[PDB]
file coords-v4.pdb (PDB, C-alpha atoms)
ATOM      1  CA  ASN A   2      74.494 140.439  91.464
ATOM      2  CA  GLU A   3      75.959 138.056  94.052
ATOM      3  CA  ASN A   4      78.489 135.725  92.427
ATOM      4  CA  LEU A   5      80.509 137.363  89.666
ATOM      5  CA  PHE A   6      82.620 134.884  87.723
ATOM      6  CA  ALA A   7      85.977 136.071  86.424
ATOM      7  CA  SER A   8      88.148 135.072  83.484
ATOM      8  CA  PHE A   9      91.826 135.309  82.601
ATOM      9  CA  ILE A  10      93.029 135.969  79.053
ATOM     10  CA  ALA A  11      96.119 133.893  78.343
ATOM     11  CA  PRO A  12      97.351 131.963  75.293
ATOM     12  CA  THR A  13      96.785 128.212  75.447
ATOM     13  CA  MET A  14      99.973 126.692  74.110
ATOM     14  CA  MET A  15     100.357 123.335  72.408
ATOM     15  CA  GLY A  16     104.087 123.840  71.947
ATOM     16  CA  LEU A  17     106.383 121.301  70.387
ATOM     17  CA  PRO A  18     109.311 120.239  72.606
ATOM     18  CA  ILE A  19     111.612 117.290  71.928
ATOM     19  CA  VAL A  20     109.200 114.535  70.971
ATOM     20  CA  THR A  21     111.268 111.437  70.225
ATOM     21  CA  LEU A  22     112.009 111.015  73.917
ATOM     22  CA  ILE A  23     108.366 111.441  74.855
ATOM     23  CA  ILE A  24     107.201 108.806  72.377
ATOM     24  CA  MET A  25     109.618 106.155  73.627
ATOM     25  CA  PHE A  26     108.754 106.702  77.289
ATOM     26  CA  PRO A  27     105.430 104.778  77.526
ATOM     27  CA  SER A  28     107.228 101.724  76.213
ATOM     28  CA  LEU A  29     109.368 101.345  79.314
ATOM     29  CA  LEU A  30     106.332 101.445  81.599
ATOM     30  CA  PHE A  31     105.541  97.918  80.437
ATOM     31  CA  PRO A  32     108.144  95.219  81.117
ATOM     32  CA  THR A  33     108.244  91.664  79.807
ATOM     33  CA  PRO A  34     109.318  88.700  81.942
ATOM     34  CA  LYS A  35     111.214  85.593  80.875
ATOM     35  CA  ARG A  36     109.788  83.506  83.725
ATOM     36  CA  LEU A  37     106.848  81.217  84.361
ATOM     37  CA  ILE A  38     105.350  82.839  87.430
ATOM     38  CA  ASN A  39     105.659  86.602  87.292
ATOM     39  CA  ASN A  40     105.911  89.379  89.817
ATOM     40  CA  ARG A  41     102.363  90.678  90.498
ATOM     41  CA  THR A  42     102.731  93.952  88.560
ATOM     42  CA  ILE A  43     103.236  92.490  85.109
ATOM     43  CA  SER A  44     100.664  89.858  86.046
ATOM     44  CA  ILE A  45      97.824  92.375  85.973
ATOM     45  CA  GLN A  46      99.133  93.750  82.707
ATOM     46  CA  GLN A  47      99.273  90.222  81.273
ATOM     47  CA  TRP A  48      95.685  89.561  82.310
ATOM     48  CA  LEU A  49      94.420  92.828  80.847
ATOM     49  CA  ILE A  50      95.552  91.795  77.366
ATOM     50  CA  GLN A  51      93.982  88.347  77.535
ATOM     51  CA  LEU A  52      90.602  90.007  77.946
ATOM     52  CA  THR A  53      90.666  92.321  74.953
ATOM     53  CA  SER A  54      92.490  89.867  72.767
ATOM     54  CA  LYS A  55      89.335  87.778  73.064
ATOM     55  CA  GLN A  56      87.103  90.441  71.520
ATOM     56  CA  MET A  57      89.118  91.448  68.467
TER
ATOM     57  CA  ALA B 101     107.061  36.043  74.183
ATOM     58  CA  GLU B 102     107.317  38.980  71.763
ATOM     59  CA  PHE B 103     105.201  41.000  74.192
ATOM     60  CA  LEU B 104     107.688  39.935  76.875
ATOM     61  CA  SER B 105     110.496  40.960  74.513
ATOM     62  CA  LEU B 106     109.333  44.241  72.974
ATOM     63  CA  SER B 107     107.174  45.787  75.704
ATOM     64  CA  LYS B 108     109.839  45.184  78.364
ATOM     65  CA  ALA B 109     111.796  48.157  77.037
ATOM     66  CA  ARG B 110     108.472  50.000  76.773
ATOM     67  CA  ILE B 111     107.989  49.366  80.496
ATOM     68  CA  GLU B 112     111.424  50.713  81.443
ATOM     69  CA  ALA B 113     111.094  53.712  79.112
ATOM     70  CA  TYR B 114     107.787  54.480  80.818
ATOM     71  CA  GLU B 115     109.493  53.853  84.163
ATOM     72  CA  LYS B 116     112.298  56.238  83.203
ATOM     73  CA  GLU B 117     109.649  58.740  82.089
ATOM     74  CA  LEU B 118     108.326  58.777  85.659
ATOM     75  CA  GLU B 119     111.828  59.697  86.838
ATOM     76  CA  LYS B 120     112.183  62.754  84.589
ATOM     77  CA  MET B 121     108.587  63.819  85.285
ATOM     78  CA  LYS B 122     109.543  64.304  88.932
ATOM     79  CA  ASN B 123     112.452  66.487  87.796
ATOM     80  CA  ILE B 124     110.430  68.963  85.702
ATOM     81  CA  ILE B 125     107.919  70.280  88.277
ATOM     82  CA  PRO B 126     110.644  71.528  90.661
ATOM     83  CA  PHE B 127     110.033  74.920  92.302
ATOM     84  CA  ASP B 128     106.774  76.801  91.786
ATOM     85  CA  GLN B 129     108.590  79.704  90.096
ATOM     86  CA  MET B 130     111.022  77.489  88.219
ATOM     87  CA  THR B 131     111.426  78.082  84.504
ATOM     88  CA  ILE B 132     109.771  79.220  81.295
ATOM     89  CA  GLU B 133     111.453  76.587  79.130
ATOM     90  CA  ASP B 134     111.428  73.552  81.424
ATOM     91  CA  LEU B 135     107.655  73.937  81.577
ATOM     92  CA  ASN B 136     107.809  74.091  77.780
ATOM     93  CA  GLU B 137     108.147  70.325  77.409
ATOM     94  CA  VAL B 138     104.815  68.956  78.662
ATOM     95  CA  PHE B 139     102.575  71.882  77.735
ATOM     96  CA  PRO B 140     103.171  72.449  74.069
ATOM     97  CA  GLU B 141     104.286  75.088  71.613
ATOM     98  CA  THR B 142     103.997  74.957  67.843
ATOM     99  CA  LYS B 143     104.621  76.881  64.614
ATOM    100  CA  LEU B 144     102.841  80.033  63.386
ATOM    101  CA  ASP B 145      99.025  80.030  63.577
ATOM    102  CA  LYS B 146      98.284  76.849  65.459
ATOM    103  CA  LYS B 147      96.283  77.968  68.528
ATOM    104  CA  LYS B 148      93.005  79.128  67.001
ATOM    105  CA  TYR B 149      91.342  80.394  70.170
TER
END

call {"tool": "encode", "arguments": {"input": "coords-v4.pdb", "output": "structure tokens"}}
result
Amino acid sequence: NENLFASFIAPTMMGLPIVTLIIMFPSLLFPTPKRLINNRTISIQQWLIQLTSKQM
Amino acid sequence: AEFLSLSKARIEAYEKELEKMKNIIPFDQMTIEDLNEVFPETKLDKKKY
């Protein structure tokens, strides 16, 4: 009888706030450049696609 | 002399092509359309790989 765990009883809530903002938001994390050489933060997004476009 | 007649313009057109080829390379970070002359683009579903 050394280490007694505890618990807390509380409702676990998957509520539904305003969704159509939250859906659009991980689009603006990815930009798209109209340039030949890019700016070393799109350039590791652009490489990550050219891997898994070569497996599907 | 038809080779000296016809290919003389083919020499100068190739000589003028060496002038514009110097123009295109430019700065390292130059353009996404000026590099779209030598390296090609095509219509839908050309590049297989």

call {"tool": "atom_distance", "arguments": {"input": "coords-v4.pdb", "atom1": "CA of residue 139 (chain B)", "atom2": "CA of residue 33 (chain A)"}}
result
20.7 Å

call {"tool": "resolve_selection", "arguments": {"input": "coords-v4.pdb", "expression": "the ChimeraX specification (/B :<6) & /A", "output": "PyMOL selection string"}}
result
chain A and resi 36-38

call {"tool": "write_last_selection", "arguments": {"input": "coords-v4.pdb", "atoms": "C-alpha atoms", "output": "compact mmCIF listing (two decimals), in the frame of the given file"}}
result
# COMPACT_ATOMS: atom_id res chain seq x y z
CA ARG A 36 109.79 83.51 83.72
CA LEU A 37 106.85 81.22 84.36
CA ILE A 38 105.35 82.84 87.43

call {"tool": "atom_distance", "arguments": {"input": "coords-v4.pdb", "atom1": "CA of residue 126 (chain B)", "atom2": "CA of residue 46 (chain A)"}}
result
26.3 Å

call {"tool": "axis_aligned_box", "arguments": {"input": "coords-v4.pdb", "around": "region 47-50 of chain A", "padding_each_side": "6 Å", "output": "JSON"}}
result
{"center_x": 96.8, "center_y": 91.2, "center_z": 79.8, "size_x": 16.9, "size_y": 15.3, "size_z": 16.9}

call {"tool": "atom_distance", "arguments": {"input": "coords-v4.pdb", "atom1": "CA of residue 147 (chain B)", "atom2": "CA of residue 53 (chain A)"}}
result
16.7 Å

call {"tool": "closest_residue", "arguments": {"input": "coords-v4.pdb", "among": "A:22, A:31, A:8, A:15", "to": "residue 45 (chain A)", "atoms": "all atoms listed in the file"}}
result
A:31

call {"tool": "residues_around", "arguments": {"input": "coords-v4.pdb", "residues": "region 104-121 of chain B", "least_positions_apart": "2", "cutoff": "12 Å", "atoms": "all atoms listed in the file", "output": "list in words"}}
result
residues 101, 102, 123, 124, 125, 126, 134, 135, 137 and 138 of chain B

call {"tool": "decode", "arguments": {"input": "coords-v4.pdb", "residues": "region 9-46 of chain A", "atoms": "N, CA and C atoms", "output": "JSON list (two decimals), in the first residue's frame"}}
result
[["chain", "number", "residue", "atom", "x", "y", "z"],
["A", 9, "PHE", "N", -9.76, 11.52, -11.50],
["A", 9, "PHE", "CA", -10.71, 12.62, -11.46],
["A", 9, "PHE", "C", -11.84, 12.30, -12.42],
["A", 10, "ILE", "N", -13.07, 12.54, -11.98],
["A", 10, "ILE", "CA", -14.26, 12.29, -12.77],
["A", 10, "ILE", "C", -14.70, 13.61, -13.39],
["A", 11, "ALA", "N", -14.57, 13.71, -14.71],
["A", 11, "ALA", "CA", -14.91, 14.93, -15.41],
["A", 11, "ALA", "C", -15.34, 14.57, -16.82],
["A", 12, "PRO", "N", -16.34, 15.27, -17.37],
["A", 12, "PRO", "CA", -16.79, 14.94, -18.73],
["A", 12, "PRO", "C", -15.76, 15.35, -19.77],
["A", 13, "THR", "N", -15.55, 14.46, -20.73],
["A", 13, "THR", "CA", -14.59, 14.65, -21.81],
["A", 13, "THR", "C", -15.33, 15.13, -23.04],
["A", 14, "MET", "N", -15.12, 16.39, -23.42],
["A", 14, "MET", "CA", -16.04, 17.12, -24.27],
["A", 14, "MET", "C", -15.47, 17.33, -25.67],
["A", 15, "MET", "N", -16.04, 16.64, -26.64],
["A", 15, "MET", "CA", -15.84, 16.94, -28.05],
["A", 15, "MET", "C", -16.93, 17.91, -28.48],
["A", 16, "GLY", "N", -16.82, 19.16, -28.07],
["A", 16, "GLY", "CA", -17.81, 20.16, -28.44],
["A", 16, "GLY", "C", -17.77, 20.54, -29.90],
["A", 17, "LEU", "N", -18.65, 21.43, -30.33],
["A", 17, "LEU", "CA", -18.60, 21.76, -31.75],
["A", 17, "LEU", "C", -18.60, 23.27, -31.92],
["A", 18, "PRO", "N", -17.46, 23.94, -31.77],
["A", 18, "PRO", "CA", -17.39, 25.37, -32.09],
["A", 18, "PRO", "C", -17.35, 25.61, -33.59],
["A", 19, "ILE", "N", -17.13, 26.87, -33.96],
["A", 19, "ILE", "CA", -17.29, 27.35, -35.34],
["A", 19, "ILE", "C", -16.24, 26.72, -36.24],
["A", 20, "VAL", "N", -16.68, 25.79, -37.08],
["A", 20, "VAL", "CA", -15.78, 24.88, -37.78],
["A", 20, "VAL", "C", -15.23, 25.44, -39.08],
["A", 21, "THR", "N", -15.98, 26.27, -39.79],
["A", 21, "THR", "CA", -15.57, 26.62, -41.15],
["A", 21, "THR", "C", -14.42, 27.61, -41.17],
["A", 22, "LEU", "N", -14.02, 28.12, -40.01],
["A", 22, "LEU", "CA", -12.73, 28.78, -39.88],
["A", 22, "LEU", "C", -11.63, 27.76, -39.67],
["A", 23, "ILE", "N", -11.92, 26.72, -38.89],
["A", 23, "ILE", "CA", -10.88, 25.79, -38.48],
["A", 23, "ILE", "C", -10.49, 24.88, -39.63],
["A", 24, "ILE", "N", -11.41, 24.66, -40.57],
["A", 24, "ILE", "CA", -11.09, 23.86, -41.74],
["A", 24, "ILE", "C", -10.16, 24.62, -42.67],
["A", 25, "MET", "N", -10.42, 25.92, -42.87],
["A", 25, "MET", "CA", -9.66, 26.69, -43.84],
["A", 25, "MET", "C", -8.24, 26.97, -43.35],
["A", 26, "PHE", "N", -8.00, 26.84, -42.05],
["A", 26, "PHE", "CA", -6.74, 27.32, -41.48],
["A", 26, "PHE", "C", -5.52, 26.49, -41.87],
["A", 27, "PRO", "N", -5.56, 25.14, -41.93],
["A", 27, "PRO", "CA", -4.38, 24.45, -42.49],
["A", 27, "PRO", "C", -4.28, 24.49, -44.01],
["A", 28, "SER", "N", -4.93, 25.44, -44.68],
["A", 28, "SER", "CA", -4.54, 25.72, -46.05],
["A", 28, "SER", "C", -3.49, 26.81, -46.10],
["A", 29, "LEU", "N", -3.59, 27.79, -45.21],
["A", 29, "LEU", "CA", -2.69, 28.93, -45.26],
["A", 29, "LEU", "C", -1.37, 28.65, -44.56],
["A", 30, "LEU", "N", -1.17, 27.43, -44.06],
["A", 30, "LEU", "CA", 0.16, 27.04, -43.59],
["A", 30, "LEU", "C", 1.07, 26.70, -44.76],
["A", 31, "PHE", "N", 0.49, 26.38, -45.91],
["A", 31, "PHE", "CA", 1.29, 26.02, -47.06],
["A", 31, "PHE", "C", 1.18, 27.12, -48.11],
["A", 32, "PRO", "N", 2.26, 27.80, -48.43],
["A", 32, "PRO", "CA", 2.23, 28.79, -49.50],
["A", 32, "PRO", "C", 2.67, 28.18, -50.82],
["A", 33, "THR", "N", 2.52, 28.95, -51.89],
["A", 33, "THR", "CA", 2.94, 28.53, -53.21],
["A", 33, "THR", "C", 3.69, 29.64, -53.95],
["A", 34, "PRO", "N", 4.92, 29.39, -54.36],
["A", 34, "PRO", "CA", 5.71, 30.49, -54.94],
["A", 34, "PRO", "C", 5.67, 30.50, -56.45],
["A", 35, "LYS", "N", 5.62, 31.71, -57.00],
["A", 35, "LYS", "CA", 5.74, 31.94, -58.44],
["A", 35, "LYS", "C", 7.15, 32.34, -58.82],
["A", 36, "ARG", "N", 8.14, 31.54, -58.43],
["A", 36, "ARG", "CA", 9.54, 31.86, -58.66],
["A", 36, "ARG", "C", 10.30, 30.58, -58.97],
["A", 37, "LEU", "N", 11.50, 30.72, -59.52],
["A", 37, "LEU", "CA", 12.25, 29.52, -59.86],
["A", 37, "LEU", "C", 12.93, 28.95, -58.62],
["A", 38, "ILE", "N", 13.85, 29.68, -58.04],
["A", 38, "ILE", "CA", 14.40, 29.28, -56.76],
["A", 38, "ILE", "C", 13.46, 29.79, -55.67],
["A", 39, "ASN", "N", 13.20, 28.95, -54.68],
["A", 39, "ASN", "CA", 12.30, 29.34, -53.62],
["A", 39, "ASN", "C", 13.06, 29.61, -52.33],
["A", 40, "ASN", "N", 12.34, 29.73, -51.23],
["A", 40, "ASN", "CA", 12.80, 30.45, -50.06],
["A", 40, "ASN", "C", 12.95, 29.56, -48.85],
["A", 41, "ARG", "N", 13.46, 28.34, -49.05],
["A", 41, "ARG", "CA", 13.98, 27.41, -48.03],
["A", 41, "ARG", "C", 13.01, 27.10, -46.89],
["A", 42, "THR", "N", 11.72, 27.40, -47.04],
["A", 42, "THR", "CA", 10.68, 26.83, -46.18],
["A", 42, "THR", "C", 9.54, 26.27, -47.00],
["A", 43, "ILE", "N", 9.33, 26.74, -48.22],
["A", 43, "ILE", "CA", 8.52, 25.99, -49.17],
["A", 43, "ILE", "C", 9.34, 24.88, -49.78],
["A", 44, "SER", "N", 10.66, 25.06, -49.84],
["A", 44, "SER", "CA", 11.51, 24.12, -50.58],
["A", 44, "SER", "C", 11.62, 22.77, -49.89],
["A", 45, "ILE", "N", 11.30, 22.69, -48.60],
["A", 45, "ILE", "CA", 11.22, 21.38, -47.98],
["A", 45, "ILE", "C", 9.79, 20.90, -47.89],
["A", 46, "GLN", "N", 8.83, 21.74, -48.28],
["A", 46, "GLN", "CA", 7.49, 21.22, -48.55],
["A", 46, "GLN", "C", 7.42, 20.69, -49.97]]
